[PDB]
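Asks: Below is structure-v4.csv; it holds CSV, C-alpha atoms and all ligand atoms.
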chain,number,residue,atom,x,y,z
A,48,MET,CA,118.9,62.7,66.7
A,49,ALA,CA,121.8,62.8,69.2
A,50,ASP,CA,123.2,59.3,70.0
A,51,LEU,CA,123.0,59.5,73.9
A,52,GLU,CA,124.2,56.3,75.8
A,53,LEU,CA,124.8,55.8,79.5
A,54,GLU,CA,127.8,53.7,80.9
A,55,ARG,CA,128.0,52.4,84.5
A,56,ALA,CA,131.0,54.1,86.4
A,57,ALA,CA,130.9,52.3,89.8
A,58,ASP,CA,128.7,51.4,92.8
A,59,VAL,CA,127.1,54.2,94.9
A,60,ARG,CA,128.5,53.8,98.5
A,61,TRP,CA,129.8,56.0,101.3
A,62,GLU,CA,133.6,55.9,101.3
A,63,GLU,CA,135.1,55.6,104.8
A,64,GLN,CA,138.8,56.1,103.7
A,65,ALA,CA,137.6,59.2,101.7
A,66,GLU,CA,139.6,62.5,101.5
A,67,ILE,CA,137.9,65.3,103.5
A,68,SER,CA,138.1,69.1,103.0
A,69,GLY,CA,138.3,70.6,99.5
A,70,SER,CA,141.2,69.8,97.2
A,71,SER,CA,138.6,69.6,94.2
A,1018,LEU,CA,120.3,47.6,84.0
A,1019,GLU,CA,121.8,47.5,87.5
A,1020,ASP,CA,121.9,50.3,90.2
A,1021,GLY,CA,124.8,52.7,90.3
A,1022,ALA,CA,126.3,55.9,88.9
A,1023,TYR,CA,126.4,56.1,85.1
A,1024,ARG,CA,128.4,58.5,82.8
A,1025,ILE,CA,126.0,60.1,80.2
A,1026,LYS,CA,127.8,60.3,76.8
A,1027,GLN,CA,126.7,60.9,73.2
A,1028,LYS,CA,128.7,59.6,70.1
A,1029,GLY,CA,130.7,62.3,68.2
A,1030,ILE,CA,132.7,62.5,64.9
A,1031,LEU,CA,135.9,62.3,66.9
A,1032,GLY,CA,134.5,60.0,69.7
A,1033,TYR,CA,132.1,60.0,72.7
A,1034,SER,CA,132.0,63.1,74.9
A,1035,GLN,CA,130.7,63.0,78.6
A,1036,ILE,CA,127.9,65.6,79.1
A,1037,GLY,CA,126.5,64.4,82.4
A,1038,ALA,CA,126.3,61.8,85.2
A,1039,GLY,CA,123.2,59.8,86.4
A,1040,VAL,CA,122.1,57.7,89.3
A,1041,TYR,CA,120.4,54.3,88.8
A,1042,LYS,CA,118.1,53.4,91.7
A,1043,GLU,CA,115.0,51.1,91.7
A,1044,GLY,CA,115.1,50.6,87.9
A,1045,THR,CA,114.7,54.4,87.4
A,1046,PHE,CA,117.5,56.7,85.9
A,1047,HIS,CA,117.9,60.1,87.6
A,1048,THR,CA,119.9,62.9,85.9
A,1049,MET,CA,119.9,66.7,85.3
A,1050,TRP,CA,117.4,68.0,82.6
A,1051,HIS,CA,120.2,70.1,81.0
A,1052,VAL,CA,122.4,67.0,80.5
A,1053,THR,CA,119.8,64.9,78.7
A,1054,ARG,CA,117.6,67.8,77.4
A,1055,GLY,CA,114.8,65.1,77.2
A,1056,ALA,CA,116.6,63.1,74.6
A,1057,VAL,CA,116.1,59.3,74.6
A,1058,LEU,CA,119.0,57.3,76.3
A,1059,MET,CA,120.6,54.1,74.9
A,1060,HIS,CA,121.5,51.6,77.7
A,1061,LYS,CA,122.8,48.1,76.5
A,1062,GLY,CA,120.6,47.1,73.5
A,1063,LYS,CA,117.5,48.7,75.0
A,1064,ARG,CA,116.3,52.4,74.7
A,1065,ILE,CA,115.5,53.8,78.2
A,1066,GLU,CA,112.9,56.7,77.9
A,1067,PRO,CA,111.8,59.7,80.0
A,1068,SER,CA,108.8,59.5,82.5
A,1069,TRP,CA,108.9,62.9,84.4
A,1070,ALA,CA,111.0,66.1,84.4
A,1071,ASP,CA,111.3,69.6,86.1
A,1072,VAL,CA,113.2,72.3,84.1
A,1073,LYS,CA,113.1,74.7,87.1
A,1074,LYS,CA,114.7,72.0,89.4
A,1075,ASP,CA,116.9,70.7,86.4
A,1076,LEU,CA,115.8,67.1,87.2
A,1077,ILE,CA,114.7,64.4,84.7
A,1078,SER,CA,113.7,60.8,85.5
A,1079,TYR,CA,113.8,57.9,82.9
A,1080,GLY,CA,111.6,54.8,82.9
A,1081,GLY,CA,109.9,55.7,86.3
A,1082,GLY,CA,109.0,58.3,88.9
A,1083,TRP,CA,111.7,60.2,90.8
A,1084,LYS,CA,113.0,57.6,93.4
A,1085,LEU,CA,115.5,59.9,95.3
A,1086,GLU,CA,113.7,61.0,98.5
A,1087,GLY,CA,116.9,61.3,100.7
A,1088,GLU,CA,117.4,64.7,102.6
A,1089,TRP,CA,120.5,66.3,104.1
A,1090,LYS,CA,120.7,66.6,108.0
A,1091,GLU,CA,121.8,70.2,107.5
A,1092,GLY,CA,124.7,69.7,110.0
A,1093,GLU,CA,126.5,66.4,108.9
A,1094,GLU,CA,129.3,66.2,106.3
A,1095,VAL,CA,128.6,64.7,102.9
A,1096,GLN,CA,130.6,62.8,100.2
A,1097,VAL,CA,130.3,63.7,96.4
A,1098,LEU,CA,130.8,60.8,94.1
A,1099,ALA,CA,132.5,62.8,91.3
A,1100,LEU,CA,132.9,61.5,87.7
A,1101,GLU,CA,135.2,64.0,85.9
A,1102,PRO,CA,134.9,63.3,82.1
A,1103,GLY,CA,137.9,60.9,81.5
A,1104,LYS,CA,138.7,60.4,85.2
A,1105,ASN,CA,138.1,57.5,87.7
A,1106,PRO,CA,135.1,58.1,90.0
A,1107,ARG,CA,136.3,59.3,93.4
A,1108,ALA,CA,134.4,60.1,96.6
A,1109,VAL,CA,135.3,63.5,98.2
A,1110,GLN,CA,134.2,64.4,101.8
A,1111,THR,CA,133.1,68.1,102.2
A,1112,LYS,CA,130.7,70.2,104.4
A,1113,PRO,CA,128.1,72.0,102.1
A,1114,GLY,CA,127.8,75.8,102.6
A,1115,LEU,CA,124.4,76.8,104.1
A,1116,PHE,CA,122.4,79.7,102.7
A,1117,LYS,CA,118.8,80.9,103.4
A,1118,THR,CA,116.1,81.0,100.6
A,1119,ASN,CA,112.3,81.8,100.4
A,1120,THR,CA,111.6,78.0,100.2
A,1121,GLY,CA,113.9,77.3,103.3
A,1122,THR,CA,117.6,77.0,104.0
A,1123,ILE,CA,119.6,75.1,101.2
A,1124,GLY,CA,123.1,73.5,101.1
A,1125,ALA,CA,125.5,74.5,98.3
A,1126,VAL,CA,128.2,72.1,97.2
A,1127,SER,CA,130.6,73.9,94.7
A,1128,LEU,CA,134.0,72.5,93.8
A,1129,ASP,CA,136.5,72.8,90.9
A,1130,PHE,CA,135.0,70.0,88.6
A,1131,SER,CA,134.3,69.9,84.8
A,1132,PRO,CA,130.7,70.5,83.5
A,1133,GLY,CA,130.4,66.8,82.4
A,1134,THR,CA,130.5,66.0,86.1
A,1135,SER,CA,127.0,67.4,86.4
A,1136,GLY,CA,124.5,64.9,87.9
A,1137,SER,CA,127.2,63.3,90.1
A,1138,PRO,CA,125.4,61.9,93.2
A,1139,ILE,CA,125.9,63.6,96.7
A,1140,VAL,CA,125.5,60.9,99.4
A,1141,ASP,CA,125.0,61.2,103.2
A,1142,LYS,CA,126.5,58.9,106.0
A,1143,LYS,CA,123.7,56.3,105.4
A,1144,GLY,CA,124.9,56.2,101.8
A,1145,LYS,CA,121.5,57.5,100.4
A,1146,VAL,CA,121.6,60.1,97.6
A,1147,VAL,CA,120.8,63.6,99.1
A,1148,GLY,CA,121.6,65.6,95.9
A,1149,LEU,CA,123.0,65.8,92.3
A,1150,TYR,CA,126.1,67.9,91.7
A,1151,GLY,CA,124.6,71.1,90.2
A,1165,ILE,CA,121.4,72.5,95.0
A,1166,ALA,CA,121.3,70.2,98.2
A,1167,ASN,CA,117.8,70.5,99.8
A,1168,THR,CA,118.1,70.1,103.7
A,1169,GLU,CA,115.2,68.9,105.9
A,1170,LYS,CA,115.2,69.1,109.7
B,1,LIG,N1,121.6,73.5,87.2
B,1,LIG,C1,121.8,73.7,88.6
B,1,LIG,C2,120.5,74.0,89.4
B,1,LIG,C3,120.5,74.0,90.8
B,1,LIG,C4,119.3,74.3,91.5
B,1,LIG,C5,118.2,74.7,90.7
B,1,LIG,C6,117.0,75.0,91.5
B,1,LIG,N2,116.4,76.3,91.3
B,1,LIG,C7,115.3,76.8,91.9
B,1,LIG,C8,114.6,76.0,92.9
B,1,LIG,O1,113.5,76.6,93.6
B,1,LIG,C9,113.1,75.7,94.8
B,1,LIG,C10,111.8,75.1,94.4
B,1,LIG,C11,111.4,73.7,94.9
B,1,LIG,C12,109.9,73.3,94.7
B,1,LIG,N3,109.1,74.6,95.1
B,1,LIG,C13,109.4,75.8,94.3
B,1,LIG,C14,110.8,76.2,94.7
B,1,LIG,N4,115.1,74.7,93.1
B,1,LIG,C15,116.4,74.2,92.5
B,1,LIG,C16,116.8,72.8,92.8
B,1,LIG,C17,116.5,72.1,94.1
B,1,LIG,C18,116.9,70.7,94.4
B,1,LIG,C19,117.6,70.0,93.3
B,1,LIG,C20,118.0,68.6,93.5
B,1,LIG,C21,119.2,68.0,93.0
B,1,LIG,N5,119.1,66.6,93.3
B,1,LIG,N6,117.8,66.3,93.9
B,1,LIG,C22,117.1,67.5,94.0
B,1,LIG,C23,117.8,70.6,92.0
B,1,LIG,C24,117.5,72.0,91.8
B,1,LIG,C25,118.1,74.8,89.3
B,1,LIG,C26,119.4,74.5,88.6
Re-express the file's structure as structure tokens.
Replies:
Amino acid sequence: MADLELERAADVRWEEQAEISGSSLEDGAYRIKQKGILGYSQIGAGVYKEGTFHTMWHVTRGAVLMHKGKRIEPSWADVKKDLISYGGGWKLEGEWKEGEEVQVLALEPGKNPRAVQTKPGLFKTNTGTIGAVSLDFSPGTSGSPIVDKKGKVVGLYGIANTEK
């Protein structure tokens, strides 16, 4: 069994003094790490909202997560959407405007969390136009929350559904 733990990184809030363009228990953004022979390694990032943990399926792979002294366990997942919810139903209903700029709360493995302001690229799909946020970040950054101007989570770094 892989020893997967989550650790709180910071609060999830829109950053007003944020850098624009592209230079590339408790609510918040968590690092997802598993204990190794050398040490822990960061494999993903998750969003804690309303007592439910949200992360990418590929990061967790369905494995049980250790938070504090309690084991937090999966409730729902979608492999096609690469989404997994722990302890409760998916709580992230936020949608992108399609026109407004967004901030990515990044969590490079081994790096302070930072908010980066960028405009997502818009591409058509059979299921309706989608926004793509692609930057030069490590893999372990996967699951990093994408927030709108209201500070709601509109996407996970990996894919930004827009509703208008
Ligand atoms: N690992 C990155 C990744 C990115 C997007 C998707 C993805 N692929 C296909 C797809 O089809 C749209 C369906 C929606 C339900 N009707 C059937 C078509 N969707 C996605 C996707 C969309 C949104 C999100 C998402 C991220 N945060 N919140 C939702 C993740 C994956 C899968 C992996």
Asks: Work out how far apart atom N6 of ligand LIG 1 (chain B) and CA of residue 1062 (chain A) are and give it in Å to one decimal.
Replies: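 These atoms are spaced 28.2 Å apart.
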Asks: Quick one: residues within 12 Å of residue 1028 (chain A), all atoms listed in the file, excluding same-chain residues fewer than 6 positions away - as a PyMOL selection string?
Replies: chain A and resi 48-53+1034-1036+1058-1059
Asks: Go ahead and dump the residues you just picked, C-alpha atoms, as a CSV table (one decimal), in the frame of the given file.
Replies:
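Saved to result38.csv:
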chain,number,residue,atom,x,y,z
A,48,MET,CA,118.9,62.7,66.7
A,49,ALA,CA,121.8,62.8,69.2
A,50,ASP,CA,123.2,59.3,70.0
A,51,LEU,CA,123.0,59.5,73.9
A,52,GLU,CA,124.2,56.3,75.8
A,53,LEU,CA,124.8,55.8,79.5
A,1034,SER,CA,132.0,63.1,74.9
A,1035,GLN,CA,130.7,63.0,78.6
A,1036,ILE,CA,127.9,65.6,79.1
A,1058,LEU,CA,119.0,57.3,76.3
A,1059,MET,CA,120.6,54.1,74.9
Asks: Kindly compile the residues surrounding ligand LIG 1 (chain B) within 8 Å, counting all atoms listed in the file, and format them as a CSV table (one decimal) with C-alpha atoms, keeping the file's coordinate frame.
Replies:
chain,number,residue,atom,x,y,z
A,1049,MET,CA,119.9,66.7,85.3
A,1051,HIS,CA,120.2,70.1,81.0
A,1072,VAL,CA,113.2,72.3,84.1
A,1073,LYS,CA,113.1,74.7,87.1
A,1074,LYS,CA,114.7,72.0,89.4
A,1075,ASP,CA,116.9,70.7,86.4
A,1076,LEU,CA,115.8,67.1,87.2
A,1085,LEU,CA,115.5,59.9,95.3
A,1120,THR,CA,111.6,78.0,100.2
A,1136,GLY,CA,124.5,64.9,87.9
A,1138,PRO,CA,125.4,61.9,93.2
A,1147,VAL,CA,120.8,63.6,99.1
A,1148,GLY,CA,121.6,65.6,95.9
A,1149,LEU,CA,123.0,65.8,92.3
A,1150,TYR,CA,126.1,67.9,91.7
A,1151,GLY,CA,124.6,71.1,90.2
A,1165,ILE,CA,121.4,72.5,95.0
A,1166,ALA,CA,121.3,70.2,98.2
A,1167,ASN,CA,117.8,70.5,99.8
Asks: Record the distance separating CA of residue 1131 (chain A) and CA of residue 1043 (chain A), expressed in Å with one decimal.
Replies: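 Taking CA of residue 1131 (chain A) and CA of residue 1043 (chain A), their separation equals 27.8 Å.
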Asks: One decimal, in Å: what's the spacing between CA of residue 1052 (chain A) and CA of residue 1039 (chain A)?
Replies: 9.3 Å
Asks: Closest to residue 1069 (chain A) among A:1055, A:1040, A:1092, A:1024, using all atoms listed in the file?
Replies: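 Of A:1055, A:1040, A:1092, A:1024, the one nearest residue 1069 (chain A), counting all atoms listed in the file, is A:1055.
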Asks: With distances taken over all atoms listed in the file, which residue among A:1070, A:1128, A:1100, A:1095 lies nearest residue 1145 (chain A)?
Replies: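 So, comparing all the options, the nearest one is A:1095.
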Asks: Nearest to residue 1096 (chain A): which of A:1047, A:60, A:1054, A:1064 is it, counting all atoms listed in the file?
Replies: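 Residue with the minimum atom-to-atom distance to residue 1096 (chain A): A:60.
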Asks: Go through A:1140, A:1022, A:1099, A:1038 and flag the residue nearest residue 1077 (chain A), using all atoms listed in the file for the distances.
Replies: A:1038
Asks: Taking into account all atoms listed in the file, which residue in the set A:59, A:1098, A:1123, A:1025 is nearest to residue 1111 (chain A)?
Replies: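 Residue with the minimum atom-to-atom distance to residue 1111 (chain A): A:1098.
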Asks: Please identify all polymer residues lying at most 8 Å from the point (116.7, 52.8, 94.3) (file coordinates), using all atoms listed in the file, and present the result as number ranges by chain.
Replies: A: 1020, 1041-1045, 1084-1085
Asks: Missing atoms in region 1094-1126 of chain A need filling: write out N, CA and C atoms for it as a PDB file, in the coordinates of the input.
Replies:
ATOM      1  N   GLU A1094     128.461  66.118 107.539  1.00  0.00           N
ATOM      2  CA  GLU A1094     129.300  66.200 106.300  1.00  0.00           C
ATOM      3  C   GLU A1094     128.826  65.221 105.268  1.00  0.00           C
ATOM      4  N   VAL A1095     129.137  65.493 104.000  1.00  0.00           N
ATOM      5  CA  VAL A1095     128.600  64.700 102.900  1.00  0.00           C
ATOM      6  C   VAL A1095     129.795  64.244 101.988  1.00  0.00           C
ATOM      7  N   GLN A1096     129.579  63.237 101.149  1.00  0.00           N
ATOM      8  CA  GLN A1096     130.600  62.800 100.200  1.00  0.00           C
ATOM      9  C   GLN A1096     129.991  62.985  98.764  1.00  0.00           C
ATOM     10  N   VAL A1097     130.766  63.560  97.847  1.00  0.00           N
ATOM     11  CA  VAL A1097     130.300  63.700  96.400  1.00  0.00           C
ATOM     12  C   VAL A1097     130.981  62.561  95.677  1.00  0.00           C
ATOM     13  N   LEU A1098     130.169  61.736  95.038  1.00  0.00           N
ATOM     14  CA  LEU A1098     130.800  60.800  94.100  1.00  0.00           C
ATOM     15  C   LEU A1098     130.945  61.431  92.767  1.00  0.00           C
ATOM     16  N   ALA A1099     132.117  62.017  92.552  1.00  0.00           N
ATOM     17  CA  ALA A1099     132.500  62.800  91.300  1.00  0.00           C
ATOM     18  C   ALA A1099     132.802  61.824  90.175  1.00  0.00           C
ATOM     19  N   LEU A1100     132.649  62.309  88.948  1.00  0.00           N
ATOM     20  CA  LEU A1100     132.900  61.500  87.700  1.00  0.00           C
ATOM     21  C   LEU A1100     133.440  62.478  86.656  1.00  0.00           C
ATOM     22  N   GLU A1101     134.611  63.054  86.909  1.00  0.00           N
ATOM     23  CA  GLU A1101     135.200  64.000  85.900  1.00  0.00           C
ATOM     24  C   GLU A1101     135.104  63.212  84.541  1.00  0.00           C
ATOM     25  N   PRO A1102     134.739  63.884  83.433  1.00  0.00           N
ATOM     26  CA  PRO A1102     134.900  63.300  82.100  1.00  0.00           C
ATOM     27  C   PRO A1102     136.420  62.827  82.003  1.00  0.00           C
ATOM     28  N   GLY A1103     136.584  61.499  81.845  1.00  0.00           N
ATOM     29  CA  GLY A1103     137.900  60.900  81.500  1.00  0.00           C
ATOM     30  C   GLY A1103     138.682  60.512  82.757  1.00  0.00           C
ATOM     31  N   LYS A1104     138.022  60.544  83.907  1.00  0.00           N
ATOM     32  CA  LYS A1104     138.700  60.400  85.200  1.00  0.00           C
ATOM     33  C   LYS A1104     137.952  59.316  86.003  1.00  0.00           C
ATOM     34  N   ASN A1105     138.674  58.545  86.802  1.00  0.00           N
ATOM     35  CA  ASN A1105     138.100  57.500  87.700  1.00  0.00           C
ATOM     36  C   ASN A1105     137.064  58.215  88.576  1.00  0.00           C
ATOM     37  N   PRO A1106     135.940  57.565  88.930  1.00  0.00           N
ATOM     38  CA  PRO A1106     135.100  58.100  90.000  1.00  0.00           C
ATOM     39  C   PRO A1106     135.789  58.090  91.302  1.00  0.00           C
ATOM     40  N   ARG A1107     135.633  59.164  92.054  1.00  0.00           N
ATOM     41  CA  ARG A1107     136.300  59.300  93.400  1.00  0.00           C
ATOM     42  C   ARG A1107     135.212  59.880  94.338  1.00  0.00           C
ATOM     43  N   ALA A1108     135.320  59.574  95.631  1.00  0.00           N
ATOM     44  CA  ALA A1108     134.400  60.100  96.600  1.00  0.00           C
ATOM     45  C   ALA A1108     135.194  61.221  97.360  1.00  0.00           C
ATOM     46  N   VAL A1109     134.620  62.413  97.500  1.00  0.00           N
ATOM     47  CA  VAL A1109     135.300  63.500  98.200  1.00  0.00           C
ATOM     48  C   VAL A1109     134.396  63.939  99.401  1.00  0.00           C
ATOM     49  N   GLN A1110     134.952  63.967 100.607  1.00  0.00           N
ATOM     50  CA  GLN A1110     134.200  64.400 101.800  1.00  0.00           C
ATOM     51  C   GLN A1110     134.265  65.890 101.965  1.00  0.00           C
ATOM     52  N   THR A1111     133.128  66.578 102.066  1.00  0.00           N
ATOM     53  CA  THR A1111     133.100  68.100 102.200  1.00  0.00           C
ATOM     54  C   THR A1111     131.847  68.437 103.053  1.00  0.00           C
ATOM     55  N   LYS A1112     131.875  69.607 103.702  1.00  0.00           N
ATOM     56  CA  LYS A1112     130.700  70.200 104.400  1.00  0.00           C
ATOM     57  C   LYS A1112     130.036  71.214 103.446  1.00  0.00           C
ATOM     58  N   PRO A1113     128.770  71.039 102.996  1.00  0.00           N
ATOM     59  CA  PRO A1113     128.100  72.000 102.100  1.00  0.00           C
ATOM     60  C   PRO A1113     127.880  73.346 102.820  1.00  0.00           C
ATOM     61  N   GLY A1114     128.060  74.461 102.087  1.00  0.00           N
ATOM     62  CA  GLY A1114     127.800  75.800 102.600  1.00  0.00           C
ATOM     63  C   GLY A1114     126.272  76.054 102.709  1.00  0.00           C
ATOM     64  N   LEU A1115     125.829  76.658 103.815  1.00  0.00           N
ATOM     65  CA  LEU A1115     124.400  76.800 104.100  1.00  0.00           C
ATOM     66  C   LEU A1115     123.950  78.208 103.831  1.00  0.00           C
ATOM     67  N   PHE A1116     122.928  78.397 102.996  1.00  0.00           N
ATOM     68  CA  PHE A1116     122.400  79.700 102.700  1.00  0.00           C
ATOM     69  C   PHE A1116     120.844  79.644 102.770  1.00  0.00           C
ATOM     70  N   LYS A1117     120.234  80.737 103.236  1.00  0.00           N
ATOM     71  CA  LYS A1117     118.800  80.900 103.400  1.00  0.00           C
ATOM     72  C   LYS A1117     118.160  81.099 101.987  1.00  0.00           C
ATOM     73  N   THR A1118     116.895  80.716 101.832  1.00  0.00           N
ATOM     74  CA  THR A1118     116.100  81.000 100.600  1.00  0.00           C
ATOM     75  C   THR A1118     114.617  81.125 101.027  1.00  0.00           C
ATOM     76  N   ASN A1119     113.773  81.601 100.113  1.00  0.00           N
ATOM     77  CA  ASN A1119     112.300  81.800 100.400  1.00  0.00           C
ATOM     78  C   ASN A1119     111.653  80.499 100.690  1.00  0.00           C
ATOM     79  N   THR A1120     112.152  79.420 100.088  1.00  0.00           N
ATOM     80  CA  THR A1120     111.600  78.000 100.200  1.00  0.00           C
ATOM     81  C   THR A1120     112.390  77.262 101.318  1.00  0.00           C
ATOM     82  N   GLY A1121     113.155  77.947 102.165  1.00  0.00           N
ATOM     83  CA  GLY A1121     113.900  77.300 103.300  1.00  0.00           C
ATOM     84  C   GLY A1121     115.361  77.103 102.997  1.00  0.00           C
ATOM     85  N   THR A1122     116.163  77.036 104.068  1.00  0.00           N
ATOM     86  CA  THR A1122     117.600  77.000 104.000  1.00  0.00           C
ATOM     87  C   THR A1122     118.076  75.881 103.020  1.00  0.00           C
ATOM     88  N   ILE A1123     119.073  76.149 102.171  1.00  0.00           N
ATOM     89  CA  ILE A1123     119.600  75.100 101.200  1.00  0.00           C
ATOM     90  C   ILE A1123     121.119  74.992 101.371  1.00  0.00           C
ATOM     91  N   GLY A1124     121.644  73.823 101.010  1.00  0.00           N
ATOM     92  CA  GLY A1124     123.100  73.500 101.100  1.00  0.00           C
ATOM     93  C   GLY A1124     123.718  73.639  99.752  1.00  0.00           C
ATOM     94  N   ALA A1125     124.840  74.346  99.639  1.00  0.00           N
ATOM     95  CA  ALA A1125     125.500  74.500  98.300  1.00  0.00           C
ATOM     96  C   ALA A1125     126.801  73.704  98.330  1.00  0.00           C
ATOM     97  N   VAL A1126     126.966  72.825  97.347  1.00  0.00           N
ATOM     98  CA  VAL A1126     128.200  72.100  97.200  1.00  0.00           C
ATOM     99  C   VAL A1126     128.878  72.543  95.884  1.00  0.00           C
TER     100      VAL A1126
END
